[PDB]
12 protein chains.
Amino acid sequence: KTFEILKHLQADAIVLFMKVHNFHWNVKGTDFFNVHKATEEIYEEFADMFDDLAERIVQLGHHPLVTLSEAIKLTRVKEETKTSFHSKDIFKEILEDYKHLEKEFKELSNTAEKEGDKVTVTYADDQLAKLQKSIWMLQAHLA
Amino acid sequence: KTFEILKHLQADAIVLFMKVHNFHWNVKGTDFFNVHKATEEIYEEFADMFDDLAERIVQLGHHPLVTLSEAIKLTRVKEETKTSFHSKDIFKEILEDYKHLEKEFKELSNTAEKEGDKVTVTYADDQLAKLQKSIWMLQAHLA
Amino acid sequence: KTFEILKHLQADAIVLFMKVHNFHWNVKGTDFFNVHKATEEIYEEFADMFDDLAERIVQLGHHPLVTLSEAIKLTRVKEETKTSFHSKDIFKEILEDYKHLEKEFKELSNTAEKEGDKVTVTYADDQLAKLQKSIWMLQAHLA
Amino acid sequence: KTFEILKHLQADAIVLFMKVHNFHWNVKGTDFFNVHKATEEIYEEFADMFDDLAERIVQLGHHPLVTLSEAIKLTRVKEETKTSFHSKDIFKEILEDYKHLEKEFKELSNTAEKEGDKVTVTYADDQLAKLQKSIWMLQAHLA
Amino acid sequence: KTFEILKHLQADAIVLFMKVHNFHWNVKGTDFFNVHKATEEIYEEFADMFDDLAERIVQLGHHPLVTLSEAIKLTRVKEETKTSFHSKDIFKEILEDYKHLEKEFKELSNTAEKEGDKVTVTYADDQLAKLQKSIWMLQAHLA
Amino acid sequence: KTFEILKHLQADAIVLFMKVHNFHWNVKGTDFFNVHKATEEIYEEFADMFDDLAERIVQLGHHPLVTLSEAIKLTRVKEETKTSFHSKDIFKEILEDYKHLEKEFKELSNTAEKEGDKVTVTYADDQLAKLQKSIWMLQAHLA
Amino acid sequence: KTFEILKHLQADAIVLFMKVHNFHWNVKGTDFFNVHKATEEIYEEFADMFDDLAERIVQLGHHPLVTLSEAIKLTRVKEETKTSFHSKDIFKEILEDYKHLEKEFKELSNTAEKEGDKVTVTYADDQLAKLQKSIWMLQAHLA
Amino acid sequence: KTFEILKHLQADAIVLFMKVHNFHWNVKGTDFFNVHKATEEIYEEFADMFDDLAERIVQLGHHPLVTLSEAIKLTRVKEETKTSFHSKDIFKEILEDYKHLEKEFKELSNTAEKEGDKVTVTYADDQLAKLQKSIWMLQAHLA
Amino acid sequence: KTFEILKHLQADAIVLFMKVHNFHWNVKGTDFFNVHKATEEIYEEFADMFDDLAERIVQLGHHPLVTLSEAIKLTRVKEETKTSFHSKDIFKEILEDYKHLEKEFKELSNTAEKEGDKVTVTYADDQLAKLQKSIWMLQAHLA
Amino acid sequence: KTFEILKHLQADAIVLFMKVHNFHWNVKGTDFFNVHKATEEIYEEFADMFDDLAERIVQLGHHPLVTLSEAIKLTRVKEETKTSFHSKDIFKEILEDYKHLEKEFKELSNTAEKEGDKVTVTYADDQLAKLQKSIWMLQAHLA
Amino acid sequence: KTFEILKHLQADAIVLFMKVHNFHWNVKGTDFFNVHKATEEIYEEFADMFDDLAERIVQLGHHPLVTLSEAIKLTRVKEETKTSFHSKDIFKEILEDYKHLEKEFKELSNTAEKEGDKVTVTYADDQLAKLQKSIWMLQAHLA
Amino acid sequence: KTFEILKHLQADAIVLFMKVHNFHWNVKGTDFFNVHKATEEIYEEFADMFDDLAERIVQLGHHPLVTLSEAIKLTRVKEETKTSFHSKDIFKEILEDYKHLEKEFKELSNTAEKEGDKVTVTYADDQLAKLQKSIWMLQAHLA
């Protein structure tokens, strides 16, 4: 079901919104400004992904998650409880979650195609493109 | 303690970010576009308030909340589980939470002054100004 | 006399500037933001009309009104003392005053033509165009 | 045939351009400005869709329709002869035609795929995305 | 009657909107980009003229044409059925229709003046200015 | 009472809006363009101050003045009846009224603090900052 | 004849373009920057007036002047041979030429009306509006 | 293999970057500015295509070509050694290479689909859309 | 003498300003819009060159020419009396005058260097760069 | 005395303007561009702080420092004579001076309050907010 | 030596930055706004000149001055201790220092040429151009 | 010969365009975004230098290189075959090639001067200025 994948991805998106803010506030190192700036852009992307997933759910005639409580229940992303990081820790963690999201959007694309949902396929493949680009660049940071 | 008020307000800000998205997605009525547009601007304001509160906490040498789990634990805002609203329901609910926030920022302003924290006073009073304006306009919607 | 029509219109323009602010501040209803926004644009137009009429008077070698006292003496617009309105009340009142202004600018156009004042004719006809458009749209609100 | 679907959609697009202008000019109610503004954006979208469909037809080596006469002959949209509407009438009518267009673009996407026309598939699916979003929002107006 | 001239001009404007799109899509020659660009600007002008004429009709308290069917019935412009043109053919055809429009707006200006309609005179004379400029430039293309 | 100071300041703001227009239209001297430009910016500031004071009054749950009649009754600013000025006359007069406003906003700040109105204090102090800067610059003109 | 007035005005416009450059380069006094800036804007206006008059002549089917030689022959403006001025000299001279132009555009408006040339009337009256405004402001400089 | 098609296309993109610069510098005819401008936009598109292909290769975990030497070895585009062209020569040559690229991106789309590479399919189909549009317009130049 | 070359170039610049307007107004052919647009940019460049030369003369402590009469006396450019041109005629004529200007700026550069005038050398060489580029492009039009 | 604190802060601001330029020019390391960019923004802030402090002094009716000589005499900041730094050295030094400034603005805020100077309190607290934010971020660089 | 001239000019640039701020803050007269605005632009130019000279020194492999102490030691500009000026005093003083700078940049240009330093010649000549223009305009203020 | 230096520099510019793309795609390290961004700006500069050199060659009446084959034959830059770099490797390599280019533009400047080619001297010296600045900043990265 396309709806089931979408709803779990919506949960992930708000959890990541929060996680990346953590990295944003609590990064240490001569690298601060770069990472602080980059994490800001990343959490804005998750805020947008969060809105988009929810509105696609609505367009499909279902209910998006509407509480942080549901988000916590439905997410596959582990919340980060540490409050201090250097650039390499942050980029490693975001990479791991991106790889998770990438597999989820591959499934989204495949599932929506089976169900003949052309619009969700287009959305999934577009997110896939953004994720695969970011994945490379993050891997490049860590090499 | 200024830190204690800030941390609960940070929790409220992310809970409201979520609540207002609910209103944003699930508003019904000939009024749709106005409310959809207005709720978008409101949740962006809460996203900004969320970031600002957290960074003020950091500047004070403490840890902001970094998980949705903490946010749920610390918030004074009840999460909205309904998935359908007309303009009047939405404006009533936001008004109620604004009045809650307004009292919290009054306390923030007073507490930070007692502790000689001029910067947090300035921040609290500025939020107070924005809230008192919005409160009027929301009351005007419902009259 | 072209000057006499201009001077009374200048008085009307500042009185309407004030009247529309009243509507702007004191509108009630789910309609608030639309009307609040629209009345803002309307009073800016009257501020501009006020300046333009006065400077045309100066160009004609006469004195514009320079006090609120003169404005009160010279206006044909009744000042609104109520402090609470819904969208329909506001649009009705503005419509009534627009119809008054429209007849005044028709006379302005005709009088200035008789006196061979081509520039005031052009100005009058341009205001006429703006007024006749707004009149339609206001009538449409009330139908 | 991809060409046959495209040519009928081109006819629909110009008919809708006209229909939405009708709604644009002849809307009544306190809602006027919202609907007047929204219908303007909608007819611009149909003007763009009209141009795009015609140029895709040309790229396919065929002739687009070039007269209003052909448009009338080829359209599946009934022309609206009423000259007065409230917001709910307008949103109902546009919704009905959007649902028609949505089914047409689904067929377009499917047909072009059978014929191996990747570019028309991409175009169809993109229009599908825009339509499905608008359909939700229009349904939301009427609930 | 001012209304009668306006209604036929409204019909012409939408017919020309269509005709110029034809030229836009189906121009041939090393000249392509210039003509393609220029015809785009021209059809946007006719779209604007179409809207303006219709709204002036509404302001006069009458009904504008609201269907392509009426437009076909009321137009004085012959629809172009050819699907291939070089720059000189296109500029010749547009010139011919501009000369037709120019005579219509001269009548519009004269008729509205007789009926004391200052606003329509201003509108007619402004269109006249745009047309007479374009007429020269088109004649210059063909010399 | 904070309300009482605000209401008299609202009256002053519209009276000054008018007075500065007088200076704007009726300035003489090689200095014309500078003063004409500067007085334009000044009256826009008073228009803004007028709106802000009135909306703060509304936020406090009271009625702002809504007529020029009330404004005349409540103002402490004497209206200027002269219709001719040089730069030095104008700058002297504006300086005198600024000094009056400055004392009023000092009282506003002090009174609102006594009543625990943090938002009005912030507003008063901000206006105070703008006024004290302008006062210096005006004094500099006259030295 | 409308053509005859236009051709002499075209000559005046290029002569004034040159004259105002003189003022622009050769102004003296603490006033330098204001006058230097203002004369720049004025000569740009004459460059535009020059182009517009010439293209209106072309639209009328006649030849505009195409040489400085013709301009010298046809102008009613005396060329300024002095190479040093203070602000008051400059504003006096421009005022004198504006008054000349103003009478010429009055004649233009009247003559074109007699000949039924609506477009030239509109152009003349628009220039008249700009000139009468500038005339006031220049008179204000010298008072 | 998707990688093999991408690498040859990367080579083509830099070769075309160079070829189009040739046309850009060495175009002759009254047509100069149009072609000079158009070829500039075209080579910027190839520079972008070059970067995109290379970064997609990197995202796939392979090495893009990194030398002009490899580009020369791998390209299917013949380099243009002439140093003088008219508009028709240039548009013919670019058309021929576009048709080559179009077939390559069709294969890219098909191959990536077989290998389940959704992101490269999306990229290929998007380039296909741009190419098919440009192909039409170039054919139109030559007709 | 640097002054002598500058003064004759100032005369040329205003003569060319006029000549290029001629081409601008009186160009014929399917080429109209390109040439009309290009000649507009060219005469703006001569207006700028005219101002710059004159102000450099002033900076050198001498008097620039201040009348069209002096310009006619001092110019080396023959005024164009024809009132009809095709693109090739226009580009030929501008080319011829550019070649004249180019030799003049070479002399300017050389003369100012002999006299140790570094600023005029820089100005001359910069104009030389612009001219040599334009000369190529014009030659390209005619090949 | 508020004046005494302001005057020493004015001295500090110009000394820091100079010190940060040193860091700006003479930073070494792979970090160069980040630090070079960041130090540019920092010295612009000190230039602004310098101007603001001086103009506040003027508004208070006193004389600001007007020479580098006074600045040297009055500053509490030690001038940096080294001409080579890595990012960590630079951020350490700026941090130390920020902490000094922060204590000075705390005193400024407190002193101005005692003297009833509301405007200087507002200015001090605003600078305090900017400083406390920058202090955190600099500390984060060094952790 | 090019370095020696550059280092003294760097000292002058920061001294002038300070001197012009003095004029900026402490100008008196109806002229205030013009001079206040103009001196702001002038000190920004000296801030830029200061940065540029220092970075050119660095590019030459030497150390720029890095303290106000060195600046005071190395400058040829006398610091202004007065705290009150009218427009004419200010423009006289800036003129005198500009003439000093102009001679310094002439030497810079000549010296760098002898040493074969083409880049410093270009920089010197460019500053020379800006200075010679400003010198004229300042002389014009005082005539 | 100026032409010979230009043609080899044109070859270098396209080779460097390619080399810097290599660095752009294949940079590794926490530094990724900075270097990726900086190398993008650098290759755009080489693309611009490539175009400029070629068009200067054309202006001189000769043929620029028009194939990658010629570029390979004529370049003095060794192509980089590695596909992995850290920031320090990249900045070292670009520095080395900049130093090569710098010596080439010194020769260009000297040679063009001998041949009396003022325009190429200006171009060479301008590139020299950009290169000497970049050389410093790159050296600073590596210190």
Side-chain angles (χ1 to χ4, degrees), chain A residues 12-13 16 19-20 22-24 27 29-31 34-46 49 76-78 80 82 85-107 109 124-143, chain H residues 1-3 6-7 10 51-66 112 115-120 122-123, chain J residues 30 34, chain L residues 20-40 80 82-91:
Chain A
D12 291 353
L16 290 161
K19 188 190 276 198
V20 176
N22 183 356
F23 301 148
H24 176 73
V27 54
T30 58
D31 228 347
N34 181 62
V35 179
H36 190 75
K37 203 283 299 164
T39 49
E40 181 184 308
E41 297 313 289
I42 291 166
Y43 76 58
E44 282 163 358
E45 277 161 0
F46 284 117
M49 184 194 292
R76 276 74 171 269
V77 179
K78 183 177 190 162
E80 182 57 77
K82 292 174 202 294
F85 314 90
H86 289 81
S87 53
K88 277 201 196 188
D89 313 309
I90 293 165
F91 293 131
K92 180 79 181 82
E93 296 311 301
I94 299 172
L95 212 211
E96 287 164 11
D97 292 331
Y98 275 12
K99 282 167 171 175
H100 151 79
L101 292 176
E102 202 223 330
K103 295 173 212 301
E104 286 308 311
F105 281 105
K106 278 185 181 154
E107 292 172 22
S109 183
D125 293 353
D126 284 345
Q127 294 307 297
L128 231 28
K130 297 183 208 179
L131 286 160
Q132 290 186 359
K133 184 166 166 183
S134 298
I135 286 167
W136 148 52
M137 296 188 294
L138 259 18
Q139 284 169 155
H141 278 82
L142 297 171
Chain H
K1 193 72 205 54
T2 298
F3 162 66
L6 286 172
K7 206 160 190 164
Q10 192 201 341
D51 189 53
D52 284 345
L53 286 164
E55 292 181 356
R56 189 53 191 154
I57 293 165
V58 177
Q59 288 158 42
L60 259 21
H62 296 281
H63 300 299
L65 72 83
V66 295
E115 298 181 331
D117 183 359
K118 304 159 186 297
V119 172
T120 307
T122 302
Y123 177 77
Chain J
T30 58
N34 181 62
Chain L
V20 176
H21 272 86
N22 183 356
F23 301 148
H24 176 73
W25 304 316
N26 297 313
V27 54
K28 312 296 172 196
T30 58
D31 228 347
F32 179 88
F33 280 147
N34 181 62
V35 179
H36 190 75
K37 203 283 299 164
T39 49
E40 181 184 308
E80 182 57 77
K82 292 174 202 294
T83 52
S84 192
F85 314 90
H86 289 81
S87 53
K88 277 201 196 188
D89 313 309
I90 293 165
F91 293 131

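Residue numbering restarts at 1 for every chain, and letters A, B, ... go by the order of the sequence lines. Note that these values count all heavy atoms, side chains included, but never hydrogens, waters or copies made by symmetry.
A salt bridge is absent between H:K1 and H:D117: the closest approach of a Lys/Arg side-chain nitrogen to an acidic carboxylate oxygen does not fall below 4.0 angstrom. Ion pairing between a basic and an acidic side chain is recognised when a charged N comes within 4.0 Å of a carboxylate O; A:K130 and A:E45 show no such pairing. By the 4.0 Å N-to-carboxylate-O rule, A:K106 lies close enough to A:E102 to be salt-bridged with it. Between A:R76 and A:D12, none of the side-chain N atoms (NZ, or NE/NH1/NH2) sits under 4.0 Å from a carboxylate O, so this pair counts as no salt bridge. Under the 4.0 Å criterion applied to side-chain N and carboxylate O atoms, A:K92 and A:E96 are assigned as salt-bridge partners.
Taken from CZ in H:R56 to CG in H:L60, the straight-line distance is 5.0 Å, to the nearest 0.5 Å. Annotation: the span from A:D97 atom CG to A:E104 atom CD amounts to 12.0 Å, rounded to 0.5 Å. Rounded to the nearest 0.5 angstrom, A:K99 NZ and A:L131 CG are separated by 12.5 Å. H:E115 contributes atom CD, which lies 11.5 Å from atom CZ of H:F3 (distance to the nearest 0.5 angstrom). We find the CD1-CD1 distance between A:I94 and A:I42 to be 4.0 Å, quoted to the nearest 0.5 Å. Here NE2 of L:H21 is found 11.5 Å from CG of L:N26. Values are rounded to the nearest 0.5 Å.
Looking at every heavy atom in both residues, H:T120 comes nearest to H:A112 through CB-CB, 3.8 Å. Considering all non-hydrogen atoms of both residues, A:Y98 and A:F46 come closest at CE1-CZ, 3.5 Å. Across all non-hydrogen atoms, the minimal contact from A:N22 to A:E80 is ND2-O, 3.3 Å. Between L:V27 and L:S87, the shortest heavy-atom distance links the atoms CG2-N, 4.5 Å. Contact record, L:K82 with H:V66: O-CG2, 4.2 Å, taken as the closest heavy-atom pair. Minimum heavy-atom separation, A:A143 to L:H86: O-NE2, 3.5 Å.
Taking the side chain as every heavy atom from C-beta outward, L:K37 and L:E40 never approach each other to under 4.5 Å. The closest side-chain heavy-atom distance from H:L53 to H:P64 is not below 4.5 Å.
Looking at residues two or more places apart in sequence or on another chain, you find a side-chain contact (heavy atoms from CB on, under 4.5 Å) between A:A129 and H:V119. Shown here are the side-chain hydrogen bond (donor to acceptor under 3.5 Å, both in side chains) partners of H:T122, two or more places apart in sequence or in another chain: there are none.
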Full working for side-chain contact (heavy atoms from CB on, under 4.5 Å) between A:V77 and A:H100: CA-CA 8 Å; A:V77 179; A:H100 151 79; 4.1 Å; yes
Trace of the salt bridge (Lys or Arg N to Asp or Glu O under 4.0 Å) decision for A:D126 with H:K118: CA-CA 9 Å; A:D126 284 345; H:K118 304 159 186 297; over 6 Å; no
side-chain contact (heavy atoms from CB on, under 4.5 Å) evaluation trace for A:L101 with A:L16: CA-CA 10 Å; A:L101 292 176; A:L16 290 161; 3.6 Å; yes
Worked verdict on A:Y43 versus A:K19 for side-chain contact (heavy atoms from CB on, under 4.5 Å): CA-CA 9 Å; A:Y43 76 58; A:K19 188 190 276 198; over 6 Å; no
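With hydrogens and angles disregarded, a donor-acceptor distance shorter than 3.5 Å links the side chain of L:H24 to the backbone of L:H36. Judged by distance alone, with hydrogens and angles left aside, the side-chain atoms of H:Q10 form a donor-acceptor pair with the main-chain N or O of H:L65 at under 3.5 Å. Looking only at distances, a side-chain donor or acceptor of A:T39 sits under 3.5 Å from a matching main-chain atom of A:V35. At distances below 3.5 Å, not a single donor-acceptor pair connects side-chain atoms of A:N34 with backbone N or O atoms of A:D31.
Few gaps surround NZ on L:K28; more than 12 heavy atoms of other groups in view lie less than 6.0 Å from it.
Using modelled atom types and a 3.5 Å distance limit, the side chains of A:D125 and A:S109 yield a donor-acceptor pair.
Partner of L:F85 under the ring pair (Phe, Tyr, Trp, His ring centres under 6.0 Å) criterion, chosen from L:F23, L:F91, L:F32: L:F23.
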